[PDB]
């Protein structure tokens, strides 16, 4: 409950971060050696993640469903997202975001 809502606040904070392309603000939510799994392709380290952030399309995202799981000291969050692209094509995407005990992102899978 406590860790659930805090994780939820982080997700909705991430939605605004993604739409404003606040890539610095996004990276601050990560661990240094976290992995951004972009469609089966992992990017370990904040240097490879910042690139993933900058190469992302100019998209608008809307959350449509949050699934929070407690696997101990880690919270695994599944989020359904409506991804609207730069030319109006709306696509259903999904993210699997894992937080550690200090609410830092250790893994961030996005599957399309």
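Positions refer to the first chain, counted from 1.
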Mean CA B-factor: is it higher for 10 to 18 or for 87 to 95? 87 to 95
Please work out which of 44 to 52 and 59 to 67 has the higher mean CA B-factor as recorded in the PDB entry. 44 to 52
From 38, 35, 81, 75, can you pick the one with the highest C-alpha B factor in the entry? 75
Looking at the entry's B-factor column for C-alpha atoms only, identify whether residue 105 ranks in the lowest, middle or highest third of its chain. lowest
